[PDB]
Amino acid sequence: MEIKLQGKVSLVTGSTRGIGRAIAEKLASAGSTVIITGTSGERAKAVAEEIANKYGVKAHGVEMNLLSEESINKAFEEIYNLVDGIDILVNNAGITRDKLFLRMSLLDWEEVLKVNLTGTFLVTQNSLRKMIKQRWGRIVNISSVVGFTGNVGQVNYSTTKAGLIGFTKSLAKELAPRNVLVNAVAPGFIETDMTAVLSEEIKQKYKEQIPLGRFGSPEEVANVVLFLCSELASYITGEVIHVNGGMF
Amino acid sequence: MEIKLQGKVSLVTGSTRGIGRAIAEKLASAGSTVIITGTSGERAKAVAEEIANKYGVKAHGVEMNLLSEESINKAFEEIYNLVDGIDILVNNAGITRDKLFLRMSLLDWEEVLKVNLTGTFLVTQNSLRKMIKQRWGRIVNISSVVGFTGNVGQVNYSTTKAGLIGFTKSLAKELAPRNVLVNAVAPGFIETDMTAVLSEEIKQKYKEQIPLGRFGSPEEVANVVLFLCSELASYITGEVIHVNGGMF
Amino acid sequence: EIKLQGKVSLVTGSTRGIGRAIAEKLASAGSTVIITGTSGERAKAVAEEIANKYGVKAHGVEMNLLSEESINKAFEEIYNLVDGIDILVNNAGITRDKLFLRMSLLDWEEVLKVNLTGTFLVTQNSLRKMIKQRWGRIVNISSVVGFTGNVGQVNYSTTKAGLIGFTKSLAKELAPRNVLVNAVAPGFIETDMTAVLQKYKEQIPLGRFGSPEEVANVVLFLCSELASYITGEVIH
Amino acid sequence: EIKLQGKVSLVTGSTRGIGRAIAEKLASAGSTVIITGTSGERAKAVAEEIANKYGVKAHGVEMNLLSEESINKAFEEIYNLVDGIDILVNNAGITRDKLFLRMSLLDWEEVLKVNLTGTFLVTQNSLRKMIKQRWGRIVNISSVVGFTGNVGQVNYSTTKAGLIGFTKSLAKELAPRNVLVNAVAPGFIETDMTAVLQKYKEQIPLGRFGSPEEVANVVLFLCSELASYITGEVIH
């Protein structure tokens, strides 16, 4: 009947805005304690406070810059002083540095790998303790349709979004004996506040790629993450769920 | 918070036992009116009555032999006299006729295609009316991990379970403009009452293919079908969700 | 450097189009070829043309994949002409394009019977020599739309996806006998049928339709020594 | 029938194993070959051996994929030896196998830096001639474990899956210039490293490990005229 996560603690990286924020709010709506992260601790704490006021949940904001190992490990010291541990991890944080391939600087490439892959690696390693101990955990990695299709100007980003699938399937196999389930969600074209910057022409060209004829909302992505964190997904691990309105 | 299907009508083919029955009970548990089908009308009506008593839902049983077009169309005449129409269709019904390839009779092959593919085609065609009219519908096709991996002795069955993926992706594109979402669920190794017939040795050999180290329950499959019928899956169409404990 | 002299290849539906290109490609590598079509006279004429062009042993047989009887008769003839088949290319296929809501049972069932059941029966009849000698290649022609789906093609896409399950399963069964089973999935290919139609082309990064010979070349690769460790695979 | 005379192929990490087999295969088809290894002396020795065996123009260069400086120096040398590169085989790769819960940041970061970032930089440096002439082949060596995942290999599997995104994206960007970008995903292959290990073999329908030459043959196909309509594809 209902999906309840009262008593669970969910960490959602890069959740001060956009899809990450929608994911944190969705988990909060189900009763989860939530941990909000951003490159600004002030903004993360502000967002946590707004979520706590809206849904009445225990919420904590931490500064976490996924470019920095020191920032990540320091964030976890603050986290483990506030909660017993983490039951649910959503590896949402990610960046793009879009350039045509020959025009892509080494820094453009390495930053995208550092955040999207190495950041995910470090955050996941940091989050497993309570999950392994109690033989229950959910890790949800946010991929992208472009990890599957490829995309012009995003060889770096697409490499990471595809790489997260290998990450997901391998980690799922390793953690399966401990009942810690590791899955991916691969959104298509999602409307966020940043969509407002696109021209009506190209925005229409994008919508034309989508059988449903509309962009998805951040909440529609968040709904699938919630499913994966719920008792409805107890036999799903090593899987990617595409959420793209029929594009792929 | 909750998944409610009160006011919806779900048809689940081949739902007098096993996974099909678990799917019908799960939808019933969420408040859906359910239609139960089997090759025996008496058994289908008996199962419907048991489900109605357990969950308190409106339930109807119809005889439907998916080997027969006449049986299917006749079943729908009874259905449309009992309900306004169908909002949710789960194409669960399927058969195997396992033979090594050179040893497979034409009837072994054609029966499997007739039920698994043509039966699905006919049931789906029969069920769309209300969905298209109201611009809301969910069709869930039950595939199998073997549609993806292949399996010795099941060239016929695997052909159909793979074919259902093409069916799903094509139909999803056609119906997307009407907001009728078409998806597949691909179970792995699921424990049913028929599992009791296997030797402990081979049953163990199967479990060894599964990272979670256990067979899934019919209810765990039913849970994923429910997700696809719920408001949590509003941006998912043309997708297959694997439910196999990490096998694939 | 790819030579198939001494091999016998059966290519179904090879009187025209991609099928003809595959048969000519195999012939160009030295294979004996068996051409099939719904018209035995046409199949024989095409075989004669290929034999004249490439200098190979070529035979034409009538084979209508809708009919078990047609298939049986064709194989009786085949096995009176060759010792057996080393290479099978399941190319024969049909479309009956209709929006799902306008699709008849016949629109559906004919496409399955030819594309799946015809393939099944042809394949069953083609394995004897391959299993005995522990060498054989079966190549199933699928389609990109089996993977992506396509509007107006729920029936065809079902069959082309189904052929993937068929390929993977059969590959597993035959692998102990070193009989390799693979699929080729062409995108948009310029054939005789294309002339009766820029748009579809906009979906293609290469910005052009493929030629039948380009598909044929991939079939040739799969029949070659270069593909000795590939089985249960789809080449797009 | 596959000839690469006049073509120049760069094969990274080709002093031994699958890399060496690929370089020898290309050489056997007539390609000029560039051999790389972390040891320039070893790379040069292997190039000399290949040149002696096949009669081709072969060059060995030191290239350590961890170091941008090493890569730059190697390409400076390369472009003083050849007009440019027509074929690139991104073969170089490392494993640092550890259970995830025992994996160090270095176990992780080294594997990404070599397998992904090294591939990135090598590829950027190899495109000039291909784009100019509107012909080129880039073949990325992935692995079955990129698709299935593997216990003890979360780092390696991440890179091998990532190379698929890399392949598909780069293929889309380069397709207008007719530069084709594909991946080969080997299963379990018997190499020099195998001897230090029936089980893994039980997962293989063919019931045997593949040879390095069998992988090399598929790379050769992708570099050939037979693969002219294949781009953004993985061959397993």
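Residue numbers begin at 1 in each chain, while the letters A, B, ... track the order of the sequences. Reckoned from all heavy atoms, side chains included, excluding hydrogens, waters and symmetry mates.
Contact of C/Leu174 with chain D is not made at all, since no heavy-atom distance falls under 4.5 Å. Heavy-atom distances place both the backbone and the side chain of C/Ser228 under 4.5 Å from chain D. In this structure, no portion of C/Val215 lies under 4.5 Å from any heavy atom of chain D. Within the 4.5 angstrom heavy-atom criterion, only backbone atoms of C/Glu225 (N, CA, C, O) approach chain D. For C/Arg177, no part lies near chain D; criterion is any non-hydrogen pair under 4.5 Å.
Within a 6.0 Å sphere centred on CG of C/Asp192, other residues, nucleotides and ligands contribute more than 12 heavy atoms. More than 12 non-hydrogen atoms from other residues, nucleotides or ligands lie less than 6.0 angstrom from CD of C/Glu1.
Note: C/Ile2 CD1 to D/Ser224 OG = 7.0 Å, rounded to the nearest 0.5 Å. Put simply, OG1 on C/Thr231 and CD1 on D/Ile204 are 12.5 Å apart, with the number rounded to the nearest 0.5 Å.
No option in D/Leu206, D/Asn217, D/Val218 other than D/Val218 meets the side-chain contact (heavy atoms from CB on, under 4.5 Å) test with C/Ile230.
Between C/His236 and D/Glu233, the shortest heavy-atom distance links the atoms N-OE2, 2.8 Å.
A donor-acceptor pair under 3.5 Å is absent between the side-chain atoms of C/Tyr229 and the main chain of D/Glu214, judged by distance alone.
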